[PDB]
Structure formats: C-alpha cells, structure tokens
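Report on the structure given below.
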RNA sequence: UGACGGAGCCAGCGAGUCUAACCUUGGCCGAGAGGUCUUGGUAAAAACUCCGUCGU
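Residue numbers (the authors' numbering), protein chains in the order written: chain NB, 414 to 429, 433 to 443, 493 to 509; chain SI, 948 to 1006; chain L3, 2 to 6, 13 to 86, 100 to 117; chain LC, 3 to 127; chain SK, 52 to 55, 64 to 152; chain SN, 5 to 257; chain ST, 710 to 760; chain SV, 179 to 202.
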C-alpha cells in the first residue's frame, strides 16, 4: 500500500542455494422398563 | 468345514486325522485355511451335503 | 488507433487463472466437478470463461455460494493386544515342549 | 425349387454358414447388410471377395451368412471364407464352369485362405 | 563395500581387510573418484547446465550423477553416501 | 388423537432421547421407530414393496437432503438425459444407473459401499422386481434402505398395445417429494410392524408424537385400503425405540 | 542450475532398517514381525510333531 | 392406476399432492 | 499407449432333489422345546470399436 512497503521489497529482492564452496547441512424410567422385561423373562 | 476347531493352530495338530459324516462318508483333514480362523479343508470319498454333520472320533 | 477492451485467491486457495472456472475451482478441497458446475450455475457465471477473466462481483458471489450453501438451497450431499497374542503363542509353544 | 448352395467357413472356433441363392445382390451377415459388419477397421477384409471378382456377378444372387463362435477377427475371416466358397459353389452349379475357373484363379491369386481353411495344426520339433 | 557395519573400502584405513579379500591395496582408492567428482560438478560448465557425469565402478556398476547434486566436501561423508548408494541403489534429495 | 394426550408417550420419548445422548453404543442411532402389535395375523406376505403412509402435519425430509439413487430401465440414455437437463430435476439425483450397468459395475464388496453412500433408493416399478438379486441381501434386510418404486411418466399400459416411453420431470419430482416427506411401511405375515416416525436432533417431541398419530390413523383407517387400513382388529400395543435401543411402551390395550 | 543436497543416514546398515519417525509405529512393526515369525515357527513344528 | 404386468404398482405407489407439484 | 461416463459387440469348457454367511435390537405365541416377525452392524466375459469430458 504505502510506497515504503515497495522499497522494502525492492531492497529485499537485491539481497535475495549453497554456493561456491559451501557444504551440505550437518545432522430412570428407561431402566424401569429394562428390568421389567428381564423380570418377565426370568419369572416365566 | 467350520466350527470343529477354533484356530488354525488347533487344525495343525489334527491334519490327516480321520473324519466321517452322519451319512457314513469317510474323509480326512487336509489343511488349515488361513482365513477365517479354524476353518479347514477335507476331502471325502464322495460328495457330502450341507445338511450333513462331520464328526471326528477322539478319546 | 485507440481500442480499449494469472492467479487468484479463493477460499484461501491459489487458483490458476488460465484454467476454466469449473475445473479451476475443483482444486479447492471439498469441491467436486459437479459441485463446481452447480456453484457456477448458481453464480450466473459463464462456465466457458477462464478463471482470470472473472470480475470481482462474480468471485464474491461464488464465495457467498461456497460459505452459505444451505441459504442458496444447495443439495445436501454436495455439502497391546498384539503383545497378548504373542504371549498366548509363547505359552502354547512352551507347553508343546 | 430355387437354385441354392450352402458353404461353411471356419477360423479358430468361429464358424460361418452361407446360403447363396438366385436373387438381386441382397447380401446380409447375421440378418444385417455387410456395411454394418464390425469392427469397422477390418470391414474391407469382408469386402475382399466382393471387390475382387467385381460386384456385377453378385448382382444376380443373394447371400445369407450366419456366423457363430470365435472373436471379432476370426468371425471376419469366417465370413470372407464363407462368402468366397459360396460364390464359387453357385457359379459351379448353376453358371458356366469357365466363370468358376476365373473366380478360383482370381481368389487363389490374391489369398488362398479364401478357399482353403487355415489350420495352424501343432508340429513338434 | 564390505561389512566390518558396511564401509567403503579405503586404501589406508582398511589394508588388512582388503588383503583378506586378496585385492591389491594400490587399486583401492575412491578418493581419486571423490576429487574428480568434486572438480567436475564444481566447474562452471556444470553451473551452465552442459555437463553430466557417469561413473563406471571397477566391479562393473554404472552410476549416473544428476548435474544438480552437491557432494559433501569432506571425504568421510562421501564414503557414507556411496555405501548407501550401492546398497539402496538410489539416493534422494 | 388419544395416543398424543396420554403422558406415557411423552415420557417414553423423553427417556429415549435422553438415553441416546448418554449411552455411547447408541451414538449412531438416529431414527425413531414405533413397533405396533397388530392383534391378528395381517396375512400379507412381505413383497419388499414399501407402502407410503401420508404424514399430514409435518414433513420428515426433503429430497434435497438425502442421497437418492435412481435405477431405471435399459436404456438410461433417455431418462438420464431428460432428468439431468431439466432444471427441477437437474440436481435431484445423486446418480442415475441402469439395471445392467448396476449389475456389471457393482458386485460383492462394492455393493456394501453403495449401501453406505446412498440414503434413499428409488427405482422404476418395471425393474423393481429384478433388484433383489442385484442389490443383494444387505439392502433388502431390515427395511432401512429398501427401494421405493416410482413411475417415470403418467402414461398407462393397455392390453395388446405398446406403452409409449416418456420421462416427465415434474411428475417424477412429485413422487420423491412425497416419498421423502412421508413415512412408509412394509406388510408382513405376523403381528409386528415397524414404521419410522422421526429423526433425533431434527424433530421435536410434539412433532414425533403427532406423526405417530398420523401413522395410527392411516394404518387403521379401512377407507385407505389397500395402502392403508391393513391393521384389522385393533392394536394391542405400541412401543418406541431406536435401531439399537430397546422397546419403550407408549400404549397398551 | 538449481542445486540440492543429498539425503542420507550416517552409519547406514542395510541389514539394519530405515529409521522410522513414529516410535509407536516402529515398535508395533517390531511386534507384528515377531508375531509372524513365531506363528510360522510354531506352526511348522506342530506339523512335524503331528507327522 | 394399475399395470397388469406388475400388480405391485397399485399398492405402495407414491401419492401425489398439489403442494408437491408446486415448485419450492 | 491415461481417468470418468455412455453406446455397439464377439467365445469355449461346466448340469448329483445338488450351491452355500456371521454377530446383534425387540414384539408375539408356546408348560417346555422351540416357531414367527422386527431390527442395526460386519463379510461377500474381458480385451476390443465408437462417442463426450478432463488433461499429462
């Protein structure tokens, strides 16, 4: 937006890949129903 | 056959064991099926039916 | 002598302008070709257009369709034991001896 | 009884039965004209007899070919063999034998398979 | 390569071992291969994308080197790659 | 409307709704079914043809909501072209497949996958009786995804004449809206009968209770035969349950 | 030309296995492999004794 | 509506109503 | 020398009244045995030719 922003990018581009001689990196109602059915089956 | 055994390791013990059905058809336990567990293959002298029940006599 | 007539961001996704709107929108996760076709049809955007040629209002309409599908009546469908077994085997093996 | 002759063509499992009878050049394969025989790419193969001896001879006969078995290619070869054998047989029976000789010479000049079955019988070595 | 772990045979480090295999220690120097594979990839021609390297191992192995690679400069790592390279048949970025 | 007034029906459904939230095993159980004990043997063999029960007060679902599969007569070119092009039915169907295309492409484990992805199965009534062999036992066991027969066009078949083949998009959409909004039931040669009445987290307790009354009226009303009025001789009892939860009584004679 | 670094594991041993990121994944792989061996060896020995 | 080939059409046909035909 | 969909189309062997799941939710009848229904989960000709779409 601001012109200052673009200048930052432009300088960053100039400063902007190992090169030369570098090396690689080191390393409850329900329950009432249920009993009721069982009691009927049991009682029979 | 199924439900005779529970795991393939059990079938291992009884491979070659003599078997027969209700009808009187004789057979042999051939090998243990890898899937499902316990199922195995048997060869009978004649074609068996589904309704038959295969029996192994043990002591 | 005077005659006056590449990438876009949509739902946090980079979409290539050169690709057709339907198959360019397919890249967005959770969108199928049929869904992108329906979204374009609802947006009243010509499917023949390329993604770059889209205007701002068309892209906003597509975003509104994407974010509020129910509001625009989009169809809904578019929207340890091993060690125990080893121990059992060990017990069986030792017993076999 | 209308003059009619019958012939068989065979290639692998494919078998074709051809009836050639006095007619008007009405030629059909499995109840459809030749032009619809498939695959398209090999259609001219079935046309090989028709074009060789000239369409004028077929102008006085009708050919019915019924084909079963085999795949596409073997079916095509069965069709062409059946058509050629039927044409020669009819020319022998109800046309001069001179034309029979001319037909056989043209066919055996192009490709003998049209007349003799191509059986790649095994040969041990 | 030979297991001791597996190590790229060296003319100096492994002299007793190679005698056991019976191969002459004079012809047991991968360092020359290191040096050549250092200078070649480091030349401008490689940087210009016009140079590609192939290696023919004495045992008969043919290795292609993509121009992109950057081999380590110290010999010891390079031995590490080659034993990996010969066994897995490939190295990834 | 008595079954609505009785407080037991309210109490049961409240208990059932509380349960499905609490018990993990019921986390996947979403539908509410009512089990009706017909007094006598209804005497209708299970034909696997769903019969729709009109639920007047409320709509269970809308066709847009569900995955719908359409199984048509061969060739599907006419029906697929007609349904796809027309705006009303353009997006109505998840997939359209002919019978032979269905048999060839899907077999075995693929059939199970088809079962999961599609929520409703609708088929032309001509090809319905062929489906049991093709779809398999999973579709035709339990009645959750049992296919619904539909009619493509209002044309009728006459003796000694050939039915003219047409596809009528507006007619087709009319049935699927009826199917999705209204519940259905399948007769069988026994007392029991199960009818879906609601969906948990979507339908409020009065709505489910009202829907149950609609099911009872249509099913006991002799005037609605043969689609309705199959429960002759009264109802001994009704229960309410989900797929895996147990039966909670709501009415007893 | 772009330049990329080689990936490698120092002191590599082909008999030894690819290092796995997830210890649980590595450990269960160890357990499954042990299970397959012992099932095969026990299964083999059972047959011979039965014979 | 009845089809002599398929008696299964007559029972369990989807009822069609005026609300259904009308567009949403 | 792809994927998706649709369309066309071609074989030969094979015929024992014999051919083929599992685990569940509940209702009813029955002294019992069991019978029936209801219910969710898990497992279980091709090449070829033509047409249309995407695109490496």
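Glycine included, C-beta positions come from ideal geometry on N, C-alpha and C.
- Residue-level contact by beta carbon holds for residue 130 (chain SK) and chain ST, with a gap shorter than 9 Å.
- According to the DSSP assignment, residue 21 (chain LC) belongs to the beta strand (DSSP E) that extends over 16–24.
- Secondary structure note for residue 4 (chain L3): it is in no beta strand (DSSP E), with a DSSP letter that is neither H nor E.
- At a Cβ-Cβ threshold of 9 Å, residue 72 (chain SN) and residue 131 (chain SN) do not count as neighbours.
- Fewer than three Cβ pairs drawn from the stretch 731–751 of chain ST and the stretch 52–63 of chain SN lie within less than 8 Å of each other, which leaves the two stretches out of contact.
- In terms of beta-carbon proximity, residue 83 (chain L3) lines the interface with chain SN, with at least one pair separated by less than 9 Å.
- In chain order, 97 place their CB closer than 8 Å to the CB of residue 132 (chain SK), counting only its own chain and leaving out the 5 sequence neighbours on each side.
- Looking at the DSSP output, residue 986 (chain SI) sits in no beta bridge, so it has no partner there.
- Counting only runs of at least 3 residues, the stretch 42–72 of chain SN fully encloses the following beta strand (DSSP E) elements, listed from N- to C-terminal order: 55–57.
- Per the C-alpha coordinates, the member of 51 (chain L3), 4 (chain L3), 116 (chain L3) and 28 (chain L3) positioned closest to residue 57 (chain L3) is 28 (chain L3).
- Pairwise C-beta distances place the stretch 180–194 of chain SV in contact with the stretch 167–186 of chain SN, as three or more of them are shorter than 8 Å.
- According to the DSSP assignment, residue 110 (chain LC) belongs to the alpha helix (DSSP H) that extends over 99–112.
- DSSP lists 35 (chain SN) as the beta-bridge partner residues of residue 203 (chain SN).
- Neighbours of residue 742 (chain ST) in chain SI, taken as residues at a C-beta separation under 7 Å, are lacking, since the least C-beta distance is about 18 Å.
- Put simply, the CB of residue 139 (chain SK) is near chain ST, with a gap under 9 Å to one of its CB atoms.
- DSSP links residue 991 (chain SI) through a beta bridge to 974 (chain SI).
- Not a single C-beta of chain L3 is nearer than 9 Å to the C-beta of residue 84 (chain SN).
- Contact annotation for residue 45 (chain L3) against chain SN: 95 [CB-CB distance below 8 Å, chain order].
- Per DSSP, residue 83 (chain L3) lies in no beta strand (DSSP E) and is assigned neither H nor E.
- Residue 83 (chain SN) sits away from residue 187 (chain SV), with the two beta carbons spaced by 9 Å or more.
- For the set 22 (chain SN), 17 (chain SN) and 50 (chain SN), the Cα lying nearest the Cα of residue 196 (chain SN) is the one of 50 (chain SN).
- Sequence-distant partners of residue 168 (chain SN) (beyond 5 residues in either direction) whose C-beta falls short of 7 Å from its own C-beta, in its chain, are 159.
- When C-alpha distances from residue 54 (chain LC) are compared across 90 (chain LC), 94 (chain LC) and 30 (chain LC), the shortest belongs to 90 (chain LC).
- Proximity of chain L3 to residue 733 (chain ST) at the Cβ level (cut-off 9 Å) is not reached, the minimal Cβ distance being about 11 Å.
- For residue 506 (chain NB) and residue 104 (chain SN), the gap between their C-alpha atoms comes out near 50 Å.
- Non-local beta-carbon contacts of residue 8 (chain SN) in its own chain, meaning distances under 7 Å to residues more than five positions away in sequence, involve 213, 214 and 217 in chain order.
- The bridge partners DSSP lists for residue 144 (chain SK) come to none.
- Here residue 141 (chain SN) has no same chain residue with a Cβ atom under 8 Å from its own Cβ, once five neighbours each way along the sequence are excluded.
- When Cβ-Cβ separations below 9 Å define contact, residue 760 (chain ST) makes contact with chain SI.
- Against chain NB, the CB of residue 19 (chain SN) has a partner CB under 9 Å away; the residue lies at that interface.
- Less than 9 Å separates the beta-carbon of residue 39 (chain SN) from that of residue 242 (chain SN).
- In this structure, the beta-carbon distance from residue 130 (chain SK) to residue 100 (chain SK) falls below 9 Å.
- Distance check between residue 979 (chain SI) and each of 996 (chain SI), 989 (chain SI), 999 (chain SI) and 995 (chain SI) places 989 (chain SI) closest, using alpha-carbon atoms only.
- In terms of beta-carbon proximity, residue 443 (chain NB) lines the interface with chain ST, with at least one pair separated by less than 9 Å.
- For the set 5 (chain LC), 14 (chain LC), 75 (chain LC) and 4 (chain LC), the Cα lying nearest the Cα of residue 123 (chain LC) is the one of 14 (chain LC).
- The beta carbon of residue 109 (chain LC) sits closer than 8 Å to those of 51, 54, 55, 86, 90, 116 and 117, all from its chain and outside the five residues before and after it, given in chain order.
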